[PDB]
Amino acid sequence: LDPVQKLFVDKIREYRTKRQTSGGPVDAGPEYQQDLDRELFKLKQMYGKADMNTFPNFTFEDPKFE
Amino acid sequence: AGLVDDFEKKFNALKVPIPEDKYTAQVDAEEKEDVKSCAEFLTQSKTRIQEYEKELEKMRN
C-alpha cells in the first residue's frame with residue numbers, strides 16, 4: 078500500500094522538503110529555539126558547567142605521611 | 104568532531120606527570136633509628152655477650 082506509503086512518502090517528501098528546507102525552528106517557526114537554548118543549557122547542567130568543550134587537565138597530588 | 108579530534112589528539116598525546124611525595128627523608132629517619140639498632144645495641148650486645156658467655160665457661164669450672 079502506497080496511499081499508506083504515499084503517506085510514509087508524504088511525510089518523507091517532507092523528510093526532504095523540510096530537510097532540504099532546513100528544519101529546527103525552521104519549517105517549523107521560532108518555537109524550537111525558545112526551548113532549545115534552555116534545553117541545551119540543561120545539558121550544561123547534565124554535565125555541570127564544567128566546559129564540555131575544553132580539554133580537561135588532571136591532578137598532581139600527594140597523600141600524607143611522616 | 105573538531106572537538107572530538109582536538110581532544111582525541113590531546114588524549115592520544117596526553118601523558119600525565121606522576122604524583123608528589125616528600126617523606127623520602129623516611130629513608131634517612133630510618134638510618135638514625137638504623138644506627139640505634141647498630142651502635143647502641145649491635146655493639147653493646149656483642150660486648151656484653153662476649154663477657155657473659157665467656158663468663159659461663161670459667162665459672163662453669
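Going down the list, the sequences are from chains A and B.
Its first residue numbered 78, the first sequence is counted upward by one per residue in our numbering.
Its first residue numbered 104, the second sequence is counted upward by one per residue in our numbering.
We put the beta carbon where it would ideally sit given N, CA and C, even for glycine.
DSSP places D137(B) inside the alpha helix (DSSP H), whose first and last residues are 129-138. Under the DSSP assignment, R163(B) falls outside any alpha helix (DSSP H); it carries neither an H nor an E label. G106(A) and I121(B) have their C-alpha atoms roughly 54 Å apart. In this structure, the CA atom of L117(B) is about 26 Å from the CA atom of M123(A). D79(A) has a beta carbon lying at 8 Å or more from every beta carbon in chain B.
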